[PDB]
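A single chain, nothing else alongside it, follows as structure tokens in the form deposited without 2-(SEC-butyl)thiazole.
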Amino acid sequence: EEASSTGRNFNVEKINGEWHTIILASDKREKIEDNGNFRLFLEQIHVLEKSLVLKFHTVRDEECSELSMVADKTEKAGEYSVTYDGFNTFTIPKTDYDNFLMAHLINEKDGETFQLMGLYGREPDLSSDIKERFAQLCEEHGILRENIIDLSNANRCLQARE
């Protein structure tokens, strides 16, 4: 049961709780790499009926700290905007609220805009057939397989082991 966020069949309350970065893939191929702005491990989605508070994580030379993304409702519960490195207009197309969550982010920065598509999960690593559904969705929007770095372990405070 994978719901579309903007309408038809969606509560916001079900996407509230523990959520983890599984694969993080950028159209640029510099944001997701070593010492870049979007190499960020998800900690929780804190749901307010108003703003999706996406509490991410960075490791600051061994020191474990959270990065709060307060994303207010611009066009309904679904299309949310957060100002972080530009203007981050994201829809959530395939959200399962039990195993997985696919979120498509389009990041606008002064007439130069990059699409960054992330696989997220209740578990800190997911199964290979769910990751195959993410790679078919990334190809459909427009992100190549040469950029796809699988961030489920690499800079994680919980356990760095597959």
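All residue numbers refer to positions in the sequence shown, first residue = 1.
Although it is not shown, the form deposited with 2-(SEC-butyl)thiazole bound is what the next lines describe.
**Student:** Site superposed, 2-(SEC-butyl)thiazole placed from its pose in the deposited complex: open or blocked, blocked meaning at least 3 ligand atoms within 2.4 Å of a backbone or C-beta atom?
**Tutor:** Open, per the superposed partner pose.
**Student:** Can you tell me if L126 lies within 4.5 angstroms of 2-(SEC-butyl)thiazole in the deposited complex, counting non-hydrogen atoms only?
**Tutor:** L126 lies outside the contact set for 2-(SEC-butyl)thiazole.
**Student:** Is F56 a contact residue for 2-(SEC-butyl)thiazole in the deposited complex, using a 4.5 Å heavy atom cut-off?
**Tutor:** Heavy-atom contact with 2-(SEC-butyl)thiazole at 4.5 Å: present for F56.
**Student:** Taking heavy atoms only, is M69 within 4.5 angstroms of 2-(SEC-butyl)thiazole in the deposited complex?
**Tutor:** Because a heavy atom of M69 falls inside 4.5 Å of 2-(SEC-butyl)thiazole in the deposited complex, the answer is yes.
**Student:** Residue-level question: is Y120 within 4.5 Å of 2-(SEC-butyl)thiazole in the deposited complex, judged on heavy atoms?
**Tutor:** Judged by the heavy-atom cut-off of 4.5 Å, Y120 is in contact with 2-(SEC-butyl)thiazole in the deposited complex.
**Student:** Does 2-(SEC-butyl)thiazole, in the deposited complex, lie within 4.5 angstroms of each residue among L40, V82 and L105, using heavy atoms as the measure?
**Tutor:** Affirmative, all three are within 4.5 Å.
**Student:** Any residue of 10-31 with a heavy atom within 4.5 Å of 2-(SEC-butyl)thiazole in the deposited complex counts; write them all down in order.
**Tutor:** The stretch 10-31, when checked against 2-(SEC-butyl)thiazole in the deposited complex, contributes no residue at the 4.5 Å heavy-atom cut-off.
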